[PDB]
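Descriptive analysis of the structure
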Amino acid sequence: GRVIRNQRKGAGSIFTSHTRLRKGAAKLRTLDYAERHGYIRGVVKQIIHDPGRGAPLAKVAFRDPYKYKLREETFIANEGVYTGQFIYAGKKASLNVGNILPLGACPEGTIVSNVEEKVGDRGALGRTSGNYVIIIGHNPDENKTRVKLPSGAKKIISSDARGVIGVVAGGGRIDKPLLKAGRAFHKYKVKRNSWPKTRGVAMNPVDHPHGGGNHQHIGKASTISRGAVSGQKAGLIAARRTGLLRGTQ
Amino acid sequence: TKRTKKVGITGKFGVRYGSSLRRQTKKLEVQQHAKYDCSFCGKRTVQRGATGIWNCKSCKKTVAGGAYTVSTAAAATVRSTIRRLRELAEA
RNA sequence: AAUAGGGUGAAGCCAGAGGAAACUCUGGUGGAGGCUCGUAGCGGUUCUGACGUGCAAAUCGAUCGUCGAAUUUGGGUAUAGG
RNA sequence: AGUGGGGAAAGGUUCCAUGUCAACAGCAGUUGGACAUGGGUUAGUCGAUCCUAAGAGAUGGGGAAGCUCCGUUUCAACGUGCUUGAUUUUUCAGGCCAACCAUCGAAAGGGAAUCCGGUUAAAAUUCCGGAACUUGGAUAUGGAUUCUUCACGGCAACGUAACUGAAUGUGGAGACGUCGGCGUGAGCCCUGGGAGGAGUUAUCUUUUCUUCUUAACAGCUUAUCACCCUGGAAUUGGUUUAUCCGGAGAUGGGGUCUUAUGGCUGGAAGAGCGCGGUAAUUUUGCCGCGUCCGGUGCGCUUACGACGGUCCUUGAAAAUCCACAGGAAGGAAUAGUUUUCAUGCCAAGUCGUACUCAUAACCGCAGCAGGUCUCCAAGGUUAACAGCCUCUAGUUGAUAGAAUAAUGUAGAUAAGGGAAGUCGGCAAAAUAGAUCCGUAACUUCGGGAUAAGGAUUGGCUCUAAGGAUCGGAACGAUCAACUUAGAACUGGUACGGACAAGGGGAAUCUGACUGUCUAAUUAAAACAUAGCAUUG
RNA sequence: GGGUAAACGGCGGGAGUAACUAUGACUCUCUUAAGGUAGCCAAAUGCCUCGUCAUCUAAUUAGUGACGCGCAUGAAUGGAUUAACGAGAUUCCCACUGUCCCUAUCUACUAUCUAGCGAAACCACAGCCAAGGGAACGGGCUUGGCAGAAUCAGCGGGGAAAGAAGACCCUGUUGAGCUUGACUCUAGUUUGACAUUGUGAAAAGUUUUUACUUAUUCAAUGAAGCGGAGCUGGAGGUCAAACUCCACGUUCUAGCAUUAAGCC
RNA sequence: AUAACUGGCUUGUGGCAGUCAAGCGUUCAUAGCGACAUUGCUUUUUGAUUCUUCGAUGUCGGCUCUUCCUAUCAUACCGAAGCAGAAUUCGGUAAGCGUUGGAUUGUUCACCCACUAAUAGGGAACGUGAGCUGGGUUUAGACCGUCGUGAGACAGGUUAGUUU
RNA sequence: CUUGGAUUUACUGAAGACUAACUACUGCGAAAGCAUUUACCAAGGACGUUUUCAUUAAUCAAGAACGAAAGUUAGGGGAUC
Ligand SMILES: CC[C@H]1CN2CCc3cc(OC)c(OC)cc3[C@@H]2C[C@@H]1C[C@H]1NCCc2cc(O)c(OC)cc21
Ligand SMILES: [Mg+2]
Ligand SMILES: [Mg+2]
Ligand SMILES: [Mg+2]
Ligand SMILES: [Mg+2]
Ligand SMILES: [Mg+2]
Ligand SMILES: [Mg+2]
Ligand SMILES: [Mg+2]
Ligand SMILES: [Mg+2]
Ligand SMILES: [Mg+2]
Ligand SMILES: [Mg+2]
Ligand SMILES: [Mg+2]
Ligand SMILES: [Mg+2]
Ligand SMILES: [Mg+2]
Ligand SMILES: [Mg+2]
Ligand SMILES: [Mg+2]
Ligand SMILES: [Mg+2]
Ligand SMILES: [Mg+2]
Ligand SMILES: [Mg+2]
Ligand SMILES: [Mg+2]
Ligand SMILES: [Mg+2]
Ligand SMILES: [Mg+2]
Ligand SMILES: [Mg+2]
Ligand SMILES: [Mg+2]
Ligand SMILES: [Mg+2]
Ligand SMILES: [Mg+2]
Ligand SMILES: [Mg+2]
Ligand SMILES: [Mg+2]
Ligand SMILES: [Mg+2]
Ligand SMILES: [Mg+2]
Ligand SMILES: [Mg+2]
Ligand SMILES: [Mg+2]
Ligand SMILES: [Mg+2]
Ligand SMILES: [Mg+2]
Ligand SMILES: [Mg+2]
Ligand SMILES: [Mg+2]
Ligand SMILES: [Mg+2]
Ligand SMILES: [Mg+2]
Ligand SMILES: [Mg+2]
Ligand SMILES: [Mg+2]
Ligand SMILES: [Mg+2]
Ligand SMILES: [Mg+2]
Ligand SMILES: [Mg+2]
Ligand SMILES: [Mg+2]
Ligand SMILES: [Mg+2]
Ligand SMILES: [Mg+2]
Ligand SMILES: [Mg+2]
Ligand SMILES: [Mg+2]
Ligand SMILES: [Mg+2]
Ligand SMILES: [Mg+2]
Ligand SMILES: [Mg+2]
Ligand SMILES: [Mg+2]
Ligand SMILES: [Mg+2]
Ligand SMILES: [Mg+2]
Ligand SMILES: [Mg+2]
Ligand SMILES: [Mg+2]
Ligand SMILES: [Mg+2]
Ligand SMILES: [Mg+2]
Ligand SMILES: [Mg+2]
Ligand SMILES: [Mg+2]
Ligand SMILES: [Mg+2]
Ligand SMILES: [Mg+2]
Ligand SMILES: [Mg+2]
Ligand SMILES: [Mg+2]
Ligand SMILES: [Mg+2]
Ligand SMILES: [Mg+2]
Ligand SMILES: [Mg+2]
Ligand SMILES: [Mg+2]
Ligand SMILES: [Mg+2]
Ligand SMILES: [Mg+2]
Ligand SMILES: [Mg+2]
Ligand SMILES: [Mg+2]
Ligand SMILES: [Mg+2]
Ligand SMILES: [Mg+2]
Ligand SMILES: [Mg+2]
Ligand SMILES: [Mg+2]
Ligand SMILES: [Mg+2]
Ligand SMILES: [Mg+2]
Ligand SMILES: [Mg+2]
Ligand SMILES: [Mg+2]
Ligand SMILES: [Mg+2]
Ligand SMILES: [Mg+2]
Ligand SMILES: [Mg+2]
Ligand SMILES: [Mg+2]
Ligand SMILES: [Mg+2]
Ligand SMILES: [Mg+2]
Ligand SMILES: [Mg+2]
Ligand SMILES: [Mg+2]
Ligand SMILES: [Mg+2]
Ligand SMILES: [Mg+2]
Ligand SMILES: [Mg+2]
Ligand SMILES: [Mg+2]
Ligand SMILES: [Mg+2]
Ligand SMILES: [Mg+2]
Ligand SMILES: [Mg+2]
Ligand SMILES: [Mg+2]
Ligand SMILES: [Mg+2]
Ligand SMILES: [Zn+2]
């Protein structure tokens, strides 16, 4: 047969992300002395649309502690953040929406966003519109914090890891139907080349494992082993169960 | 006169896409095209730019909000939760 | 970079009429839409027309689809034979 | 929306003149994009050149037997650094910085600066004449400024001929989608008077056609928006075609700004244009007169403006230029400073530039009915940039002559019947514009719908309605656009008179829809799609 | 061993009956599970088949509506509907007509004839029939009919006319595309051991756990503030003497912070 | 060297025709029929075979047009009857002359409606595609049902498919 | 379901519900209904009044608000039944 569309994506020729119009990488500040020991104050200059992103971004200006200079940061805007708002980041920062605090400095039940998986990676968790991380609890003896991720998973992170207080702005986006192929066209026109999708069952056996037949049908179980190889993993990979989800999980 | 009985702003879609999808669109699109009261200057001059961006024509304040409303219920709940935990922490 | 001229007439807005209220009716205004008739354009339905040692190794004629967007297109650039 | 006038790609001398006909131009040939000989492309201002885009790709490194692969600042000791006071001691003294930063990548993106008239056989935003401009350099004079050292005025928005400002920093310009109506301008279209020229003239026609123009650049002036001062608003007012604004200060009164755009003047009438009278084998002319003053708009095209709509879509970068913050350093009195004020001096290299851009200069073996990106765009009819006729411009090219059998190809018509033809109404016919009337089932309430189904439409002569600017007025004066409605008359009952231009209805199967593919036998019920669900 | 069908898929054979006739509402047993539910249908899916009934017509293997033990319908291998849309397939009606009865006439361009110009396909030799025999359908052979130069416009009976070493079929120890529980392997991946690989403790009988950091691995930064201690306060109730803990310059505001003042 | 047309041999089968005469026919074998048997013809059926053609003879049907056969449906003239007439049936010479318009189906075949003197049957490479048409079949697209783990199969249905 | 340690036992935690006992011929509300604490928000009946207005009222076709449980649509939760 032929190399399938799953496998053609890794080469990344026509499958790279369309990034001309993007407004920069959304990151927290580099963890420095001011954030480790006290707090630093910045001012929100802009709240802008980032193409390919549902969440707006905030452009926040900070002073450089060591040279006469201004540092502009690209944060993910939490909902309620406004232009001209003062943002405080550090260990001694107060519990206000938009402030960047270590996870250990936030009491249980604190809603936080753009949370660091590891100390100083500048944000990994809860970055999409309407999403957040709930702080479940602390283990001060081991310097660890238990959090709940948007997927429902519980994670243990260093208490020195940082997050931004509040919920990511732009939520409820999925509530509206797209209603049109053109709307999805414009949605992925500034994301990447993954739309539209031809069904593999509608191809020929060269093109896909589902192709061929005198009727369109998969023919074998569409649940595929985790240990299958590239060119085989088309369908439901390592599926623990299938069918309509009935009852609680 | 009243021009449409029920489609309203969704009368631009004609007969396409299904009635359930069109009334579901109508609910959120009246909200995304409405004018909201500015919490800064007090005028009802706040309109959406892109999703999550709500600008006031008068005082030129931009606030991060929801996709189709200035404030979501989840954000209001988080605002009160944070206010409460701040009060307890600072006594 | 390109896309005559019409039709329909969505929100919003103004006025009048009715109602106890919750609210309703009428006339304008407005100018929405992967809306519509229809040029350029893009396409290529039918005649199973012409031609079929052709004007042409795919064209010609009428008829036809679509025609403001998932539109059409120049140039630059990327992807290379299991 | 050209058979007109230019260009991009591509060609490469096909351009122009002279000669010329063996071959080629599927007839001919005295002609030619053919053949032969010569000639021809002039730039500081137009491009390239420079910037960065998607991307391409060295270096340090790391792979790989290796050809080479990765990577683009990456685990790198990465400046052929600058700025000054100099020194003439051709030595120096230092002061700052070195996040990023090899390089290539656009004749449609970004970007310093030129126009008019004339001139050739063939070149011209390139030559000639005149008139400007930019950048770089040099540099003096005038002005400006200083004894209160680095200017004044205005309440203010801010103004000006100038009117210190290092390191470093902050900003702005470069720099940005699309659509809708409105407004303004320009060019074009239309039109009145006058001064010329041509045409018609049996008759009519103060007539029909035509000339009456003004570049870049300089000065003054000119604007929506925005802003400032005054003032303090419900009896809420102002206000757009479009309902937005005002105690976060409206209406009213007075101002400030951008100069987009127009006006006046200089450029500039000396040019060009239109006439009349003359010179001459004659290179080329010489003389005189005129070239003036208006009006109009749902007009067309285009530019700009203030607005409004739209997106789970929010619509490049960099070179480069400026301003501001900061306060280093240096500055006067018998004199000091500055080339962001005026004037003056010098220079601007390299390569491209002819011509075609297509029913004969390109690609399809060719002078091939195919293909190949884009700019400008007159009158009439009309909704119309459609169709039809015409002006400017350009062509009149395509082997021809004589006849007019059959069978064709393209096109017409047909008594009575009206799908009996045929697999099948295939093909053709019928309908068709506009105004008014009337419009069913079903429906996701949006539609269906131009459903279905009817009436009218010419020409002429009238009538009515619909506005602007002035004057202190429910009125007068002047001026003005085509829309709509009604009536009479009229004719071989014709009249969307050519052109242009839906046939309709009742149902079943199927795909929801718009969209997409088998270039060159299949456009579909196939693919996609929104929606739904599952998996990691 | 368990779970999972909006995973691939599957959803059947058997055994009796109502005061005319007809029908059968009326129970268990097997296949590796369940045994086709709601719906829909001679449907683009029904063999029999032009199914049967009704309607449409003068007449209908067509159409529509019904029926349903359905060869072999059926639920995201989606079922049933469905307004709108469709150069999709189909039936009927009105209008319309040369589609037809059944043809006729007209126009231009051909064809035609001339001057000039001037190919190609094809060609064993060639070119009148009838019968015979024959590789079983002759232009030629045999036997007959016959048979007279040179030709023009048409034409499509024949030349088993031309175009192509049949594309169907079979054979070949000839392939190729595709597939799978074929034969034989394989990139990848997973699992163990050895090496990289060192320093301790404890416990199990060599194995398990956790301590160290320098090997190795991951990440960031223009390698900016690390580790320990000490200055200053706030505290514990101080029972010797100040030990332990905490902090140690920035939070109404869209301003500013750069090239050290000061002291010795 | 070998199948899927035509053609050739064969004629089981299909079709058509005789001979005998048990019975039928009020009686009566033979007007008209005719069992049990038996002899043939035909090549308008389908088989059997594999001779020709696989360096290709264009494979359904219809439309169009000509011709031929006769085993005569009609028309001419006649013989026979269980022929009174009328109608009908059996038969002879006879192919001179005609043998239709439509609904459904791609159909050949079929089946109805209707007219008619009658609506006979066949052949000509199952006449006839450089005559047409292209509805069917039988390339490649697509759908369904059953079958297959699958790629795929179906001589099942369905829709679209260059005729030099 | 269980020698793979079930059931049981102590400690700890997480989820959703629900508010026992007190709880009654007791309370509140137009009805449906309402039961852990506290705060906030706006209501309400009765009572008291030598306050105020003076017929403003009663019941009501039309027309409205609320309306147990179950059920429907879409998110979230899904302990127990
Ligand atoms: C002289 C020109 C006429 C002469 N006449 C005579 C009468 C007649 C009658 C017809 O039917 C009554 C007819 O049927 C069509 C054609 C004619 C011819 C047609 C021809 C022009 C026509 N030639 C062929 C195609 C064509 C294409 C064009 O672009 C085009 O534009 C100029 C024109 C054409
Ligand atoms: Mg999808
Ligand atoms: Mg898909
Ligand atoms: Mg396919
Ligand atoms: Mg495969
Ligand atoms: Mg598989
Ligand atoms: Mg398959
Ligand atoms: Mg298929
Ligand atoms: Mg399918
Ligand atoms: Mg299967
Ligand atoms: Mg449950
Ligand atoms: Mg459209
Ligand atoms: Mg359309
Ligand atoms: Mg065509
Ligand atoms: Mg054809
Ligand atoms: Mg021909
Ligand atoms: Mg392109
Ligand atoms: Mg035109
Ligand atoms: Mg041109
Ligand atoms: Mg020439
Ligand atoms: Mg010639
Ligand atoms: Mg010659
Ligand atoms: Mg030459
Ligand atoms: Mg230039
Ligand atoms: Mg790049
Ligand atoms: Mg490289
Ligand atoms: Mg190297
Ligand atoms: Mg470059
Ligand atoms: Mg350029
Ligand atoms: Mg740009
Ligand atoms: Mg010039
Ligand atoms: Mg020239
Ligand atoms: Mg000059
Ligand atoms: Mg506009
Ligand atoms: Mg104008
Ligand atoms: Mg200029
Ligand atoms: Mg002048
Ligand atoms: Mg906009
Ligand atoms: Mg030129
Ligand atoms: Mg050409
Ligand atoms: Mg001609
Ligand atoms: Mg007729
Ligand atoms: Mg007639
Ligand atoms: Mg009729
Ligand atoms: Mg018919
Ligand atoms: Mg018929
Ligand atoms: Mg017929
Ligand atoms: Mg038929
Ligand atoms: Mg037609
Ligand atoms: Mg009508
Ligand atoms: Mg479709
Ligand atoms: Mg094709
Ligand atoms: Mg192909
Ligand atoms: Mg086609
Ligand atoms: Mg069943
Ligand atoms: Mg059933
Ligand atoms: Mg059935
Ligand atoms: Mg049924
Ligand atoms: Mg059927
Ligand atoms: Mg039938
Ligand atoms: Mg019919
Ligand atoms: Mg039926
Ligand atoms: Mg089934
Ligand atoms: Mg199925
Ligand atoms: Mg379509
Ligand atoms: Mg031969
Ligand atoms: Mg013969
Ligand atoms: Mg023979
Ligand atoms: Mg021969
Ligand atoms: Mg002989
Ligand atoms: Mg012929
Ligand atoms: Mg022939
Ligand atoms: Mg062969
Ligand atoms: Mg062998
Ligand atoms: Mg292959
Ligand atoms: Mg026989
Ligand atoms: Mg027989
Ligand atoms: Mg044979
Ligand atoms: Mg053969
Ligand atoms: Mg042949
Ligand atoms: Mg032949
Ligand atoms: Mg006979
Ligand atoms: Mg007879
Ligand atoms: Mg035949
Ligand atoms: Mg033939
Ligand atoms: Mg043929
Ligand atoms: Mg045929
Ligand atoms: Mg096919
Ligand atoms: Mg087709
Ligand atoms: Mg078909
Ligand atoms: Mg076909
Ligand atoms: Mg309780
Ligand atoms: Mg109580
Ligand atoms: Mg009550
Ligand atoms: Mg009452
Ligand atoms: Mg009531
Ligand atoms: Mg739910
Ligand atoms: Zn505001």
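Conventions used here
- Residues numbered from 1 in each chain as written, not as in the entry; some residues may be left out.
- Chains lettered and ligands numbered in written order.
- Part of a larger assembly, values for the part shown.
- Heavy atoms only, no water.
- UniProt positions renumbered as here; feature names shortened; annotations may be inferred.
- Helix = DSSP H or I, 4+ residues; strand = E, 2+ residues; numbered from the N terminus.
- Buried < 20%, exposed > 50% of the residue type's maximum accessible area, 1.4 Å probe, protein only.
- Contact = heavy atoms within 4.5 Å.
- Near = heavy atom within 4 Å.
- Polar contact = N/O pair within 3.5 Å; in protein donor to acceptor, adjacent residues only side chain to side chain.
- Nonpolar A, V, L, I, M, F, W, Y, C, P; charged D, E, K, R; others polar.
- 1 Å grid on protein atoms, 1.4 Å probe; cavity = no way out; pocket = protein on both sides within 12 Å on 5 of 7 lines; lining within 4 Å.
- Points joined across faces, edges and corners; volume = space filled by probe spheres on them.

Per the PDB record, this model was obtained through cryo-EM at a reported resolution of 2.45 Å.

Under the PDB entry, the name given to chain B is 60S ribosomal protein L43-A, and the source organism is Candida albicans. This structure appears in the PDB under the title "Structure of Candida albicans 80S ribosome in complex with cephaeline". Heading Cofactor of the UniProt record for chain B holds this comment: "Zn(2+)". Turning to chain B, the UniProt record has this under Subcellular location: "Cytoplasm".

As recorded in the PDB entry, chain A goes by the name 60S ribosomal protein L2-B, listed as coming from Candida albicans. The UniProt entry for chain A carries the following text under Sequence similarities (unreviewed entry): "Belongs to the universal ribosomal protein uL2 family."

**Here's the deal with the environment of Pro205 of chain A**
Residues and elements named next belong to chain A. By the element assignment, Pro205 lies in the loop between α3 (181–188) and β11 (223–224). For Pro205, a relative accessible area of 54% puts it in the exposed group. The spacing of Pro205 and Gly1 is 204 residues in sequence and 6.9 Å in space, taken between C-alpha atoms. Ignoring anything within four residues of it in the chain, the contact list for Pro205 reads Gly211 and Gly212.

**What about the protein's contact with RNA strand G?**
Around RNA strand G, the neighbouring residues are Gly247, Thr248 and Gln249 of chain A together with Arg23 of chain B. In RNA strand G, atoms within 4 Å of the protein come 41% from sugar and phosphate. Within the backbone of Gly247 of chain A, an N or O atom sits 3.2 Å from a base nitrogen of RNA strand G. Note that a sugar or linking oxygen of RNA strand G is positioned 3.4 Å from one of the side-chain N or O atoms of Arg23 of chain B. For the surface near RNA strand G, the residue count by class is no nonpolar, 3 polar and 1 charged.

**Side note on the layout of surface pockets**
Approximately 750 Å³ is the volume attributed to the largest pocket. Contributing to the lining of the largest pocket are 26 residues, with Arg173, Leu178 and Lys187 of chain A together with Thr51 and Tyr68 of chain B lying nearest its centre. Secondary structure elements with two or more residues in the lining of the largest pocket: α3 of chain A together with α1 (19–32) of chain B. Of the residues in the lining of the largest pocket, the class split is 9 nonpolar, 8 polar and 9 charged. Considered as a void within the structure, the second largest pocket measures approximately 290 Å³ in volume. Class assignment for the residues of the lining of the second largest pocket results in 7 nonpolar, 4 polar and 6 charged.

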